[PDB]
Every structure is written in structure tokens, then in C-alpha cells.
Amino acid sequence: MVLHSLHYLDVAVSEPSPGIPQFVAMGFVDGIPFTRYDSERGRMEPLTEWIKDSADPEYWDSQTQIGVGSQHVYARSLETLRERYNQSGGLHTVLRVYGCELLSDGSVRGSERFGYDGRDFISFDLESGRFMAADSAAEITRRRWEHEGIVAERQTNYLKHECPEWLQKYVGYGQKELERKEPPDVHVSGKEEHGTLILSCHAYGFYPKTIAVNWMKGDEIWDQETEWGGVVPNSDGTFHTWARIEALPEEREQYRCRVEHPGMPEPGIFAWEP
């Protein structure tokens, strides 16, 4: 199983706009943002008290230079793909995800993926130690990188050594925020509409993301009649979700919502109490 993950998402665009910097790098530990570089701010910065408190200034200074240097490589990378795919100017996007996962048996999963203009470009897998190119145009990068030996060695080293070394430290520094359990506050709303009762089970403010929200009628889960929202983020790092069913309003009292979450000592059952 995956105990912990460190991931970086890069977004690089050819022309900035309101709320879209030329370049943004975001770090996540266990799915939670903790750091950001943004080309408008020009500095790497903490998104959590725990990285602020544990990082020293060499961390922010080095990440800052790595963000700025990335800004410049993605700018050249965009010009290169622009020429290669025979495109005209305007909004173009390079994306990257990369990171490692610490597994139950003390093993390291890690990968690096690049997207261009919303499709796969090129990807690297630790196990294979080789690049998969999406098309002939990525096959040119792959051939260059493969021919020289250097890029494979540098990414492996990072994804197998430095990336999990940093992940172990971040789990050290963030233990209190990352191990914490906040139970959902659960509330069932209902409105009658065109002669149907819509019943919604809302789960507010829970952490972590892992949750069971189901509607039951009698002894059965009424899953075929249920619609679920996403598990979606609140502004404060917690999560929100819901589950909705339609009922005959004479049957309202036959419906209840079961919720299970690691922050709740017991599963709860919720009904509409008008």
C-alpha cells in the first residue's frame, strides 16, 4: 500500500493572463499542497505552518532558483513544441507531474509525466528506466535523451533517492497536520419538487478525503438510485461531499444516510428531520 506521496505539478503557459502566471510549481505531501513557486511572486513559499516552521532559508533560496530556472526551461520547451507541431502563437501549455510514493514494504514508486496542449507528450517510469513518447514529436526528445544517457540517470537519482529522502523529512515536519482526523459534520436536507422528495446527505469539513456516504432503504443500500458529488476541497484543507436520492414523499422516513469516516469512532446514520 501507499503510506505517503510527494508530488509536484508544474503549469507553464506561453502567455500569462489573470490568475494564470507564466509558471507555477505546486508541491503536495499526501495530496495536500505545502509549497508553491509562482512566476509573479518570484519566490518559493510555504502553504502550511509546518513547512514554514521546519524549513530554513536555504530551502526557500534553492527552491526559488529551481523555480526561476524551470520558468526558463519551460519557456524554451514551449518554443520548441510550437515549432515541432507546426502551430501558430497563442495560449499553449506544458504540464508536468512528478513524485514518489512510499509503499507498505519500504519500496519506492516514482514517475514523471509531461503533457502538452492537454495530451500526453513524454513520460518516464522508474521500473522501465525509459521514456514513453505519445507521438513522433515526443520520439525526437526521447531519442535525444536516450542517446546521451544523462536525463535517465538524473531523473532516476531524483525519483529513487532525493524525492523519498525529502518525503521522509516532510512526514517528520508535518506529522501533526498529516495524521489528524476531522470527522464530517453530516446534515440531510430535503425539498419536495414536481411531486418528488430530493434528499441530500451533506458531509462538511472532513479530513482525510477517505469517506463512505450511502443512502439506505430498509436493509438495502439504494445505490442504483443514488447520485454522488465529488470529494472536493474546502479553502482550509478539509473536504466536502454529498449523495442525493429521489423518494416518494410518503416514503421519506424509509430513507437514511450512512456515513463512515476515520475521524468518527462509530458509523453514523442520518435522516431528514424537516
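Note that residue numbering follows the sequence shown and begins at 1.
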Compare the mean C-alpha B-factor of 27-35 with that of 51-59 as given in the PDB entry, and name the stretch with the higher value. 51-59
According to the deposited model, is the average Cα temperature factor higher in 84-92 or in 154-162? 84-92
Hey, out of 188, 197, 126, 73, whose CA B-factor is highest in the deposited coordinates? 126
Select lowest, middle or highest to describe the third in which the CA B-factor of residue 227 falls within its chain in this entry. lowest
Going by the CA temperature factor in the PDB record, which third of the chain does residue 266 belong to: lowest, middle or highest? highest
Residue 116, C-alpha B-factor rank within chain (lowest, middle or highest third): middle
Check where residue 180 lands among this chain's C-alpha B-factors and tell me if it's the lowest, middle or highest third. middle
Quick check on the deposited entry: does the C-alpha B-factor of residue 100 sit in the lowest, middle or highest third of its chain? middle
